[PDB]
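Report on the following structure.
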Ligand SMILES: CCCCCCCCCCCCCCCCCC(=O)OC[C@H](COP(=O)(O)OCCN)OC(=O)CCCCCCCCCCCCCCCCC
Ligand code: SF4
Ligand code: SF4
Ligand code: SF4
Ligand code: SF4
Ligand code: FES
Ligand SMILES: [K+]
Ligand SMILES: [Zn+2]
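Protein chains in written order, with the numbering used here: chain A, 1 to 176; chain B, 177 to 271; chain C, 272 to 534; chain D, 535 to 742; chain E, 743 to 855; chain F, 856 to 903; chain G, 904 to 1029; chain H, 1030 to 1389; chain I, 1390 to 1503; chain J, 1504 to 1599.
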């Protein structure tokens, strides 16, 4: 149930001693290492051509956040603050009130993307599939406050990415 | 259903707009105020009221497990339609 | 003294005659679960959540209503006490609406909390739930009567403390509903306190509606100044804004109630 | 209770109770409590004068041979007058077993350093100086190990706030990273999460 | 048979393990006789040292002595005998069979609080 | 597509030379991909 | 001997690294928290709590977040008794004030009192 | 040239992790463990999960245990690739770094297919794992495992018999067994000295009593035998991965206590009790019974343990994190005496040191 | 009331350790101003040393002043050995911090703090 | 895979291994990116009868630690467990 790495007593007959002396003087293992490096020289490299070729992902991927809507235009978020209660970094700030037709809707849904740890506890806490952590990872900014998302930015990300987000959820909701 | 303040600033679906004498409009100077122009309160009001023949209807939002939790809406009041508390879809007993 | 000796899980406790089973268990630091019992209202005994096994008795007793006899051993944590609690919680949650996200009582719900602590983790109810017509009792109490579990704390508060006699039960069986039966407006000076003692989110605060949520609120203990009663209150805030005002229990002032101006 | 319940290990529970009796009767001068949890771990709660006599014993007794110091810990419990609880976690590779030696101190009483028993402790209790302010007498090089060099206070005390009292920023006037009294653009939102209902009646404390 | 390596780094092979174990166990009993008889450390260590010394006196083979002392290699058995000797010499100076030096405070080990 | 390429080279995009008014001839951008092709290009699905 | 006698009052304010502003201007409050009247459970009224006086929370100009300058704003300490909390407040130099534990008084309950012959304590409904 | 004293000043990544754990629930404090030993993410997830489950008196289902052991050995491959290849990159062998980080990239694709994140998965949770394996994942783990032995073979072709690599590792950092036990070393740092100790054998957890593997034991205590032990632990990890792929059982992946593990979203949106349990597990969290455990696993750096103290609430009272790098870097000063300045980088290599778990 | 000491049996040995620590800081300050190349004077750094000693001059407990001497020796050891940078030495001099309002009236003007 | 046989033979000779049987670049052998929809099993607690929670309540079977000795014969010396059994050398590959 165990093995001894490096417990070989080397043979001391003239054959093996001459083999080790030929290895020392004629550099046989150094040529072995050069041969392995030469063997990688003629392999095809593993380099994809970004931006034109993209790394492989899956529908579970946790990227840029988005607020979703129903298939009627009504937003799914009903202000229950489960996402900001489960949020391990407290990135989500929510304020709510009843709007003009008496629905329970938010008036503040902030996600600080520079506190966010991108773990997706918010999208699994969410009982209506309102918040998701979508598929976008290419959203780097030149300014820090451009990563302080409000409700308008998250709803625009949902409107922007819904055609992909809905198909990823369609691929993955049976595991959830 | 966006509208505009007299300062030329868009008013959000919440109703947020800065005052004229508020300095914090300077953050949009040379840039843009990002609002979403699909107001959900105007979009759910475009949905037609569903006529049903029962007294209690169930609603899950459509999609089954992809919608909201399935709730049960009573429809005894004929003065008012019965609204889903999650999705806002409204129902009427046709009798 | 004429104190009788009873036993809560074998622990001897000396109680006054007339003490219920629930109070005798309170005296050893155990809290029997309850929905219709309230220590400032009359005993109802109609939610059956407080059913507890007295040993050598082949029937659980409603601990909120049953007085202790001398020599009882109240088994607060025996197997059939727990089976009684899970069965009664299953019937309370059978017709209850899946409204916990859109409900103001969420996070501070007795039904949620002692569903977690005393009932089963899942459902066997494969049927359709009832849906109760809402009522309009004023601008202070939002009324969503599908969430009602028929504990009648409405009616005992309005009859016994507010002294109003406008709330009641109409109908019979599973179709029994709580309300005024007419379009009548429950506006007492103590009308908002029915928001406090409703264990579910069937009666909620219409001004406070949807704005906050109990875990994120900070609880500052403070004094009412709307009158010279000096009611003890909790100003619950959230991020530097006053969210609502609850009562504090003070036995000598405001026992656990506040007025509607205070609230 | 087959599928979802953790199966109880009664053999290890019996063996750890017997070895706890063994330690409690070999060392009555220092051992205050001996307990075994329901998940079968042995805690030996001792007096702080016997850090070196107990831990040497467990390191050197032929029926103990706790040759490994896994972890050394302090726990701040402010309602205790000896608010710091020093926790040694020991591993016997010979007897394939773990023991826990717990003791106590407050801010002013020094604990004797266990570096002469286990050299492993040399940084660990040094961390206990840095995080808690528990002083260890006869330590070789006792100083801070994890906090910044000008740090005031001991962070893992529970009366110490989550953010500090100072925060750093670069200041272009003095051309220097500077420390200033902390201001947060968003305050840490305290959540009161505890349910008002009792969860575990086996752990119910008796009333006053 | 002259074991070539113990396998453990820094733990050299003992040439005469039985004589070393006999000297260490009798020296442990010599040190351990200076402890009072009501001290449980004396009784337990005399008991296990007599068991180990009887097993050493009843087995000529090194391998079988390793299998029935049940402590791995014979050199770490020798090291544990030396550790027990050093422990007994320290336990004389500590005197830890005495009563408890001080009671804990009343809620010192009460968890939870 | 080229399914003879190894997994990562087997799907690619040649970006447009003009998108939303910007001259993207040399300034190609990874966020120029619309979301309906973003599943296929990032191999979230087999289906274009 | 190996023990010294210190008759002085216990004070560790110079050792805890706390700035003086958050020692001599803060008012610790030692209290058992009141039961939330939304609920009937009493498991939060079991322990003593030390909180502090709330300081200024203001609006963040960028996001509207609640910005604070109070380090002791989220500091709630838990104690088993009142005297432990008082000893811990005095040990750290915090000027404190103590509210007493308010228990609910023993009520007199009777289900038969709902149906009296002559008393006002009859129920008119059930 | 000689090193007389080595004084490692640390705390440059002390982020106050385990004070931040004290204000967060058990689910909320799980993703701090992804970031301590941040090349060994799901192993630290497993150690914290086993600590919480030991305090909760519940156990994961068998398929969860097999998934945890499968991804623990994938994680062990990740960490030993990082360890061997950066230990060679610091010495100067920069090429097997690049050769092995493609296999490393494919295992990060395995993490991303099973959780959605390439590194910090938050996938192993108290109660089991968060989500089941997607269809087709185990076939690709088989296609990886079928080829990874040749990658180890060409790594070992570059470094092992190379005389320059042996001159940088053969008499360097020699630790005796008694000093390695006394300094609190664990893992390869013990087993390089000949100490026959692996926690997956001696104090076994989830299904390691049901997988069959060997334990590489060194004989000289040097950097070279610790290198060979990590290469052979990659070999034996491939062996465990094959046994996990063949013996993966059916069944659920969370514990079926909905007061601990959250229910499925299909029954959360249908059943009242499941919605209540979903609500309370994602806002309050489950309550852990009061007690203090010390739960330790054989992480690829050594004994990784948690001393976890619950007071009854849904948040930990205390969470001490025992990491191997703390004791190993405390032993750095002994291991570098009588050596040279370019030997200290080999000693900081052979102690697999990641300062997230050193400084917390 | 009978407690275990740290180094000092009473306040005399304790004041002796305080006095030796002040001697060591007074000797160290010119080397600190030189090798950190501070922009202060030796008089100013020695006044900061005297300020940090006279801040804690109200303490009457031997164990507390033992721990204060221990922490002062740790500060000095981190200053003699160049473990602090210039920033850590200059954090004693709150240079970028605006002066706080000291009287009642300006504290009333600027905000709510007592 | 697209390498010619001369470069393939050179590459296999220089590595000393057959590099086409085990390519480190992935091809059509890997799984499809679109899969059939799963159907996950439910646990043992998905029963409509004999499924009371108190008969499977793990968290409420945890007891406080049994206090073995508190300070308010010729009995055998004990160890915390039996001594560890010596590990057996591998039959698979002992390197011996
Ligand atoms: C009076 C008029 C003249 C005034 C003085 C000018 C002197 C000559 C300077 C060179 C010509 C000016 C233009 C310089 C390049 C500007 C255009 C440019 O950068 O186009 C972008 C294009 C590549 O596009 P990009 O977006 O970078 O690629 C993304 C990847 N697809 O980029 C390319 O396609 C490559 C651009 C190459 C730049 C020119 C070649 C290198 C410099 C040669 C001259 C200097 C050599 C000095 C000696 C060097 C050492 C030997
Ligand atoms: S992904 Fe995690 S850290 Fe980010 S907002 Fe969601 S819950 Fe918070
Ligand atoms: S995003 Fe979801 S979890 Fe968050 S408040 Fe909205 S509905 Fe609730
Ligand atoms: S009353 Fe309670 S159980 Fe019912 S929906 Fe509201 S929070 Fe949920
Ligand atoms: S509305 Fe509330 S208080 Fe009134 S009977 Fe129903 S559950 Fe009870
Ligand atoms: S509480 Fe006794 S039955 Fe309702
Ligand atoms: K209510
Ligand atoms: Zn709906």
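Think of the CB as a built atom: it goes at the ideal place given N, C-alpha and C, for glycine as much as any other residue.
Any beta carbon of chain J sitting closer than 8 Å to that of residue i?
i               : result
residue 1267(H) : no
Give a yes or no on whether the C-beta atoms belonging to residue i and residue j are separated by under 8 Å.
i               : j               : result
residue 1087(H) : residue 1156(H) : yes
residue 333(C)  : residue 322(C)  : yes
residue 843(E)  : residue 581(D)  : yes
residue 1512(J) : residue 538(D)  : no
residue 1501(I) : residue 959(G)  : yes
residue 1248(H) : residue 749(E)  : yes
residue 999(G)  : residue 937(G)  : no
residue 457(C)  : residue 471(C)  : no
residue 1301(H) : residue 369(C)  : yes
List the endpoints of the continuous alpha helix (DSSP H) containing residue i.
i               : result
residue 1208(H) : 1206-1211
residue 1322(H) : No alpha helix (DSSP H) contains residue 1322(H), which is instead part of the beta strand (DSSP E) from 1320-1328.
residue 277(C)  : Looking at the DSSP string, residue 277(C) is not in any alpha helix (DSSP H); the run it does join, the beta strand (DSSP E), is 275-279.
Using 8 Å as the limit for Cβ to Cβ distance, is residue i near chain C?
i              : result
residue 74(A)  : no
residue 537(D) : no
Determine, using beta carbons only, whether residue i comes closer than 8 Å to chain G.
i               : result
residue 1404(I) : no
residue 57(A)   : no
Does the beta carbon of residue i sit closer than 8 Å to a beta carbon anywhere in chain D?
i               : result
residue 1027(G) : no
residue 123(A)  : no
residue 1564(J) : yes
Answer with yes or no whether the minimum CB distance from residue i to chain F is below 8 Å.
i               : result
residue 1537(J) : yes
residue 1529(J) : yes
Of all Cβ atoms in chain K, is any one closer than 8 Å to the Cβ of residue i?
i              : result
residue 146(A) : The structure shown contains no chain K; its protein chains are A, B, C, D, E, F, G, H, I and J.
Please decide whether residue i counts as near chain A, where near means a Cβ-Cβ distance under 8 Å.
i               : result
residue 1597(J) : yes
residue 487(C)  : yes
Return no unless some Cβ of chain H is closer than 8 Å to the Cβ of residue i.
i              : result
residue 550(D) : no
residue 507(C) : no
With 8 Å as the threshold, decide whether the Cβ of residue i is near any Cβ in chain I.
i              : result
residue 644(D) : yes
Residue i: buried (16+ other C-beta within 10 angstroms of its C-beta) or exposed?
i              : result
residue 880(F) : exposed
Members of the stretch 693-714 of chain D near chain J, C-beta cut-off 7 Å: The residues in question: there are none.
Under 7 Å (Cβ pairs) to chain C, residues found in the stretch 203-234 of chain B: So the list reads 232 and 234, given in the order they occur along the chain.
Positions along the stretch 720-732 of chain D whose CB lies within less than 9 Å of some CB in chain G: Against chain G - using a Cβ distance shorter than 9 Å - the residues of the stretch 720-732 of chain D are 720, 721, 722, 723, 724, 726, 728, 729, 730, 731 and 732.
Contact list for the stretch 994-1028 of chain G against chain D, Cβ threshold 7 Å: Residues of the stretch 994-1028 of chain G whose Cβ lies closer than 7 Å to any Cβ of chain D, in chain order: 995.
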